[PDB]
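Taking it in order: structure first as structure tokens, then the write-up.
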Amino acid sequence: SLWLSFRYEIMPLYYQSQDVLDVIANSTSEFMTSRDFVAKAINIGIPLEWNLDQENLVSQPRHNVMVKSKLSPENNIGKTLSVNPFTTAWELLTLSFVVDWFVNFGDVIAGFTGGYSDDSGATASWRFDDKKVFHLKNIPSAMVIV
Amino acid sequence: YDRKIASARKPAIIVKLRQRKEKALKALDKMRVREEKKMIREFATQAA
RNA sequence: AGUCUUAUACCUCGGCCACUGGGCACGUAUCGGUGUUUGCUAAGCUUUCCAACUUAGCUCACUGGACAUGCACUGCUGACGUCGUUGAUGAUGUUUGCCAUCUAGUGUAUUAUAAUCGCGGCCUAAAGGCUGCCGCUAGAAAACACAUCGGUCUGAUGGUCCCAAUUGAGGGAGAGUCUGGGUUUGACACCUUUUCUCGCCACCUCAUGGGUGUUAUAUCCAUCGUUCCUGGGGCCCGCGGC
RNA sequence: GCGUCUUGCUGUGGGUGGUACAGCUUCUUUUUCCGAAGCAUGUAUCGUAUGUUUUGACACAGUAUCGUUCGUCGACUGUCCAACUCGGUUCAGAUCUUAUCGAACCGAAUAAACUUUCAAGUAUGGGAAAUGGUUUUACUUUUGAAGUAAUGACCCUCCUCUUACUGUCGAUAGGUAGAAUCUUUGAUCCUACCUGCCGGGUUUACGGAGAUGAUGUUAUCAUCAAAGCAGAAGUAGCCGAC
RNA sequence: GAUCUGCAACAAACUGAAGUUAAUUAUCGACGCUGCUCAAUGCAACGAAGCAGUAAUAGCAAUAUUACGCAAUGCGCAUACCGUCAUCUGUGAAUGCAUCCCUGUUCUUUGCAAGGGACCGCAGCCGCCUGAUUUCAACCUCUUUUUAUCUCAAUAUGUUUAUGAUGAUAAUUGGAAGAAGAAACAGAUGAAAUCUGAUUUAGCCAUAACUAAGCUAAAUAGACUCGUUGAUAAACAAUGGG
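Top to bottom, those sequences are chains a and b. Going letter by letter, the first sequence gives residues 341 to 486 in the entry's author numbering. Going letter by letter, the second sequence gives residues 293 to 340 in the entry's author numbering.
Here it is, written out as structure tokens:
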């Protein structure tokens, strides 16, 4: 009975600890991204003697760039990110394990502010889906598909 | 409750107030878990 | 006239009145039980006749309970080294641990001062605005006095970024106008009140139609829904009284 | 379809071995004079090991709690990192603000990015991995304790992918098991293993009393197996340390 | 160093000697051989006499007995275990959701998505037995006509009386499983059933002293379920009166 009186303090303290862990982790894992698209044209010279209706070859590549960062601080989202220690094995008797777990969690969650920095990366991608048509000018029957 | 528990000195009232705390925070944790699970299904239904 | 005590006054008038933390005592709504008489309520013996006594209790006192008051007052909480022992603990110096607040409103003064304007910091640099502490008023017996079974069940729709018709409604703001109130004299002028009008007033809410954004947002808004309160006419159910 | 002994369930019922003690009666004795015999009934008992006067009682001295991680020696190291600092303690002393400076110490910190390498050193899995054995089923149904299987599985066995875990020596340190020599009945030597200590079920294996079936031999061949050791287990308390 | 307050250390000596020497007292090894120890107690293994518990008796002695002592044994006694039942606690499989671990090797016309294993947490099928029981018919049967119960009805008689049965239940002729029990066959309890002295009485003994300490017998009273069985006394729910 005396040991089962534990719920009084262990249940809500653990619940609030998980609450603060969630409210920091959700903001900490933002994974921000930024991207943009353009439709810049690509020109390829066409020899004039080829007698083509169009003088310049035009390509329209889907140009995509994206740069993104992470910005993670110096902390321990690792092993400390564990489910309730009692779980379903409350039958094992202990009093020091819970206090050790709580003080370890407290010191970990206190020691994060020292460092906060991370890396980034950027991409440059092109997509081509250009199906162009050219006519041999003065000869509409003759035609070329690219 | 610990305001009264701090200075009671009578075992009967002490144990009765401990029983009151037991029942009250038991109801608190029960309604806590019920609310959490019902909002879990609530979000599932909203997503669906 | 002198002494003592109680009561008022008298400084306090329990540490606060925001809490009698507890004890003490008398006082008391008083209530039960006894000691209970001069006399008495009704009855009765010994039965023509109650015209001669007693019985259950009543005055008062005591006992137990309850309420209230003030305080000469006092506490509540026990562990260190212990001491010879006592079975548990009787003592030694020790220190820690209390009922002891929150909320709402208000705040000087002087003045020509960047001189402030209860005390102090922020923004803008003006005829300033925001905030921390303290002072003065009210609520919160919350706090110490004070609450005591478990388990189960107990609302939806759309919007919230921009644009278009002001398309319609409602509400706010302004401009005037009028009725009255306040300073001034006789006023004006200013402040304030009421009626009405007005609208390129990109004011707010709702109603309509679109698009934008993913980083539109409400800890909300609006509508309906259940329950409760007020006035109930009445019948579906429907009795009693007149 | 019918009748039948036996067998397995004792299915049903009945009777039966009892011993000891308690108690009753009888004879002798001073009717249980300290002895003997019979007897109704009741209780207990018809298991192992332990203790049998280590069974019990009196005196002397001593006997705190909880929760921790560890514990044959020494060597590079199989193995701990920010090693040159952090925080504190103390102090020969100095500047004299309560303050500052300096020195020693303490707790954290040097191994290498582990060891290992006959490739599961030790565990995990898969194989269109076969043999043989075992365990089911089917068929013939007759075989010499009958036979056959394109049988469901297990074991054996060979090959093979990830992951986990781990050096040795001097100890003739202590112990354990085997073997031999001498003999004290113990000692010596060698080999192999273990050491925080000494403690429970299960899992695998070992030898192995006795027993069982067969065969030509108290002899042999096959089967079971008592008690015991060893790999993980899984749990005390033993001192020391906090 | 306060510096006309004193303190600390240097362990050679000093009364008080903490160890041994110098002296006294008491004890034992007094035999030490392989060897004499942490300074003393202490011998796998070394040497002789006598018998291999002590004492006495008839007896050198064996031999037989006694008194003490030692050793062993016995459910005789108890202890741990299981053997043993009883009562009770306890009645089972496949299905999903949620957590953790590992994985570009054909990852990829958006640089960030897709796969495999684990057990816990949360939801999903139905029966069963046990605890112990309700289902069905009393519908040919007149001298060899089952009983009992829940029960009715006409007629005759101006009594105080006389007759006729359907449905169901039981004395278990038969079965489900239910009144109590979601993860199966295991745990828990019991192996008891009395005692007082502490009440009175009666009897014995004069008592340490007093004649009656003390003791013995009957009854009252008190402590007393070990789990299972049932009811009862009280509070809890009980609307009151004329």
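Note that the Cβ used here is the ideal one computed from N, Cα and C, for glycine as well.
Helix, strand or coil for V398(a) per DSSP? Note: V398(a) maps to strand in three-state DSSP.
Of the choices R347(a), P480(a), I485(a), whose alpha-carbon is the least far from that of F426(a)? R347(a)
Using a Cβ-Cβ cutoff of less than 6 Å, which residues in the same chain neighbour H475(a) once the five nearest sequence positions on both sides are dropped? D393, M483
Taking the C-alpha atoms as reference points, what is the distance between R301(b) and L344(a)? 23 Å
If we ignore side chains and look at the alpha-carbon of each, how far apart do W441(a) and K329(b) end up? 26 Å
Report the CB separation of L309(b) from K296(b) in whole angstroms; it is logged as a contact under 8 Å. 6 Å
Around the Cβ of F445(a), are there at least 16 other Cβ atoms within 10 angstroms (buried) or fewer (exposed)? It counts as buried.
Considering only DSSP beta bridges, list what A336(b) is partnered with. Answer is none; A336(b) lacks a bridge partner.
Going by beta carbon distance, what residues of the same chain come within less than 7 Å of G455(a), once the five residues before and after it are set aside? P413, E414
Segment limits, alpha helix (DSSP H) that includes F474(a): Careful: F474(a) lies outside any alpha helix (DSSP H), inside the beta strand (DSSP E) at 473-476.
Answer yes or no: do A379(a) and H403(a) have a C-beta to C-beta separation smaller than 8 Å? Yes.
Tell me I384(a)'s beta-bridge partners as DSSP assigns them. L397(a)
Element boundaries [beta strand (DSSP E), containing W430(a)]: That residue, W430(a), is in no beta strand (DSSP E); it is neither H nor E in DSSP.
Is there a Cβ of chain a sitting closer than 8 Å to that of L309(b), yes or no? It does not: the Cβ of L309(b) has no partner Cβ on chain a nearer than 8 Å.
At the 8 Å Cβ level, is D321(b) part of the contact set with chain a, yes or no? yes
Using a Cβ-Cβ cut-off of 8 Å, state whether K302(b) counts as contacting chain a. no
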